[PDB]
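One chain comes next, on its own, written as structure tokens: the form deposited in one PDB entry.
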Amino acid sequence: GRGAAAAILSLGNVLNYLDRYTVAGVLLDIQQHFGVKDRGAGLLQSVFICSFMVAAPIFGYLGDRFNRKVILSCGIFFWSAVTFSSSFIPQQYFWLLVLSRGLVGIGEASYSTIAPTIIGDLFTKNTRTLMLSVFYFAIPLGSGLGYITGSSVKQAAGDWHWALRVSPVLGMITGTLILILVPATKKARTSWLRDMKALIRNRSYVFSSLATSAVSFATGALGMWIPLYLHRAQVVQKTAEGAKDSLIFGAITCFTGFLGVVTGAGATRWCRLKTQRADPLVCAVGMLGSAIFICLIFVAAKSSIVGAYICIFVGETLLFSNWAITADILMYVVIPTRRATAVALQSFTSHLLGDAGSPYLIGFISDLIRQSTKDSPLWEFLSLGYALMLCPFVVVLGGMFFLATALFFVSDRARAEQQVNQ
């Protein structure tokens, strides 16, 4: 009953992230077929994330206006149909694909905002901790499966459109299953405005919000431009493959996400006993290590793709570890009454600052570098590498933000406790 409901919800989340990251696996094919440059490639994910972040709050308000199950199922159908329609688009028109990506982002935001409430409502007896943890595990597996499925469908069918055609068919079924296995779950604006007005004064919360914004920026840009960068490295070198590269990247991504969550949680646990501020400090250490390895990838790639893959592995491990700890930092620094507003504000801020227009930023820098210079495989590879060299700096800045959050942690916890008393 309820267990099958949460199972189908987790499958829907996996398919959600699969649809989200399918485009990255065949970005090269899409770019070659549509005759667009790195800027046009960026536009896709930029508009997608923009629509997602703008939609999540309106979908929360739809949730407290309408039923959760109805919203979530109508969403599923919506983005599945939109993805299938996007698969069937003439090459003459490209903005149609951007609009389809935006609509899919709207739907995926609806899901990401509605499903957690359904999971929480299903179980209240402390099983929801584990079931929500399953929901969270659905994320890295979802992204890895997106990469792998896109690459494999492209390699088998020989045409990229099929990559966008297969997933909707899987999605529609899950939607029909969502209603079948999941039972139905069972002034304020002024208060929220005061909540924001007093949250902006929270130093540690603001610094953690900036840090997670840098995290989102780096994650989005790198996860979207790594496949193209690897294929460019291969074409520069005498011997080249691209589906296998995306397969390896997706496998590494999911495995590193799981291992990184585990290692981050554990390491912050052992570090707590040494000193308070352990969670921000371990976040900063992980961020800095991720920056070092994301900088080393550019030196390793030209020598060999495999070295770049190990660098990807390490950087992904750390950059995924930091999430589970920044979450705990957030829930420490903010009081219960005002935790929902703080979570929504942090999510929107992270999406806007990072992963919203970041792919377009990388693509625009790469296009500028290619335009100023002559265009050829080596120039393309070097330009994309230089454009990606911006992400390590953002990761270092996020580590500095985590350090700042560390500096003002105990006093903010004291304020939170003294406010909780009353």
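Definition used throughout: the rigid core is the maximal C-alpha set that superposes within 1.5 Å between two forms. The numbering used is simple: start at 1 and walk along the sequence shown.
- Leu99 is built in all of the other entries compared, counting only those with both neighbours built, so it is not a gap in a third.
- When the other compared entries with both flanking residues are checked, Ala188 is unmodelled in at least a third.
- Coordinates are lacking for 4 to 9 deposited residues between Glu241 and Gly242.
- Gap between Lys186 and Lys187: 10 or more deposited residues without coordinates.
Unshown form deposited in another entry; subsequent notes refer to it.
- Of the candidates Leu368, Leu378, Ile58, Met389, the Cα that moves 2 angstroms or more after core superposition between the shown form and the other one belongs to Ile58 alone.
- With a cut-off of 2 Å and the rigid core superposed, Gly398 has a Cα displacement that falls short of the cut-off between the shown form and the other one.
- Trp270: CA moves less than 2 Å between the shown form and the other one after rigid-core fitting.
- Taking 2 Å as the criterion, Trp160 counts as shifted between the shown form and the other one: its C-alpha moves by at least this amount when the rigid core is aligned.
- Pairwise change in the other entry: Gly25 and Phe393 C-alpha atoms lie farther apart than in the shown form, at least 3 Å.
- Between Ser347 and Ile76, the C-alpha separation shrinks by 3 Å or more in the other entry, relative to the conformation displayed.
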